[PDB]
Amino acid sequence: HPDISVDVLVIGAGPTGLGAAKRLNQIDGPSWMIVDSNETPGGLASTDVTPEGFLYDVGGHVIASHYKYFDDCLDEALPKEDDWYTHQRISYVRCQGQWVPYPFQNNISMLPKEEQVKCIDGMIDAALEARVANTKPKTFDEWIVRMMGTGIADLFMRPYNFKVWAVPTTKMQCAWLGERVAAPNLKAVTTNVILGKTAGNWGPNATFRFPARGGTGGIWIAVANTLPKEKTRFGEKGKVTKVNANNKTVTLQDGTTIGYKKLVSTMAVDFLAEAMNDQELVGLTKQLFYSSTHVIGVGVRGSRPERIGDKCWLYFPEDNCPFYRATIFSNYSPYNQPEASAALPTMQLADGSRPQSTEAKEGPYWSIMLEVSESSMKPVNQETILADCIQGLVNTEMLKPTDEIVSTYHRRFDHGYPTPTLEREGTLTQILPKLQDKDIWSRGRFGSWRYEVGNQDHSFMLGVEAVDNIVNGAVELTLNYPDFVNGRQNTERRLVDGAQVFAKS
C-alpha cells in the first residue's frame, strides 16, 4: 500500500493541471492532490525576471478567453480592477520597410503598387478557384493559397509560418485552423486598395487584459493560491519520475509513492510514455513533432519611441531577423520593467559597441520580448542567437544603432509548440485511447498536443473538462471538438454551479 492515496491525481500545475484542480476543489467530492516539479506553478505560462528587473513571459502571451469558467477563476484570483491593465489588440506585420496592420491582406495599400497588382491578381485567381472548389484543402499550404492567393501567400503567411513552426507549410495539416472555408474576401481587400486605406482589426471591443504585476505568471500563482495548500506538492518533492499504469501508482523523485484511481497527466505525453516505461507508447509519441522556443528579452533605456508607440505584438516574415514575433512587453504593464528612478548601467549599444560610460543612469525603460523557433529542420546557434536578435532589431528599425541596452535575457524551452503535422492525428488517435484504457487522462498543450486548443484558456478547460468527465460524465468538448468550443458561447459551466448553491442550503 502506497505512501499517499487519492481518487484523482493531477500531475503538473501549469494552466491545465490548475484547471483540473480548481474543478476538483469546487466539486469537493473525490479526494485529490496536485504535484509539480517546479516550486512555482504556471508552466509555460510562467514569468521570468532578469537581475536588472525586466520581466519576460515565455514569449508573447495574450489572453483571449472562450469560457465563463476561466473568467470566473481569473476574476476570483485577481479581483481588484487594478490587478489588470486593458489594451487594444494592436499588431502589425513587418514588410519591406513598412509596419503593415494586421491582418496583412487588408492593408497591402502600404506596399508598392507593383506588388499590390501581384497580390490582387493572385487573390482574384483564388476567388475564381474558390467559386468552383468542391474539395477541402489537404495541407496548410493549400489552405493558405486558396484563402490568400499566390502573391499574398509569398509575402507573409508562407515565409512567416516556416519561421514560427520551423517546418514547411506543405508538411502541416489545416483542419486546426477550423471549419471556415479557405476563400478570399476579394471585395474587402480590393476596396481598401482602391481607397488607399489601412485598417487593423482592433478597437474598443477587441481588447485583452494583462496582469498588473508578475506578468502572466502572476495569474497562475494567484489561482494556485486559492487551492487548499496541503493538497499541493510543488518542487523537487513533487517531481514525478515513474508512472506504473498497471498498478496505478506514481513515484516522486524523493521516493514518495502515490496511489490513484484516475490520473490527469499534464506533462508532455512523450515524457509520460518514458515515465511509464511503455516501449509501445514511447515509439508512438516519438512519431509526434514539436518545435523548441527561444525567448530573447532586451531592456532598453529611454521613454518609449514614437516609432514604437502603442504596438503590442509584431510579425516578421522576412529573413533580416531570426525572430518570428516581437512583443513590446513594456506596453503590457508598467511593472514589467523597472521604474524610471532605478539606475542601471548600459551593457551595450544596439549595434554592439561599448557605452561611452560605465556609470549607472536612470530610466525610464522599455522592453522587447522576442521569439525564435528551433527544430531539426531549422537549427539555432544558441551561442550567437542573442546577438543575432539584437542585430535583427536594428535591421527591422525597432532599435536605432545608438539605442542603449540595459538588460538581456535568453532561455530555451525545449517543448514550445506542438506541431500540427499531417501525421499528428493519425498518431494521437492511437496514443490517447491506449492511455484512456488505463484510466489516464493525458491533457494539455503537450498532454494532448493540439495547438488549436493550446492557449491558456483551452488548457485550463482541458483540465476542467477532464475532471468533469471523470466525475460527472461530461463530454470533453475542448479536447475533441476545437471548432465547436472556439466558435460558441461557453457560458453554462461556472465556478459556482447549481450543485454548490443547493448544497449550501
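The first residue of the shown sequence is 1; numbering continues from there.
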| said: Using only C-alpha atoms and the B-factors in the entry, which stretch averages higher, 197-205 or 386-394? | reply: 197-205
| request: Return whichever of 494-502 and 1-9 has the greater mean Cα B factor according to the PDB record. | output: 1-9
| note | Among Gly259, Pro420, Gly97, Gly297, highest Cα B-factor in the entry goes to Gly259
| task | Report the option among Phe446, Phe70, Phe54, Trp32 whose CA atom has the maximum B-factor in the deposited record. | result | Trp32
| request: Relative to the other modelled residues of the same chain, rank the CA B-factor of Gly43 and answer lowest, middle or highest third. | output: middle
| In terms of the chain's CA B-factor thirds, is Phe234 lowest, middle or highest? | highest
| field | Chain-relative CA temperature factor third for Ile368 | value | lowest
| query | Hey, what third does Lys80 fall into on Cα B-factor, ranked over its chain? | reply | highest
| query | Mind checking which third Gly149 falls in for C-alpha B-factor across the chain? | reply | lowest
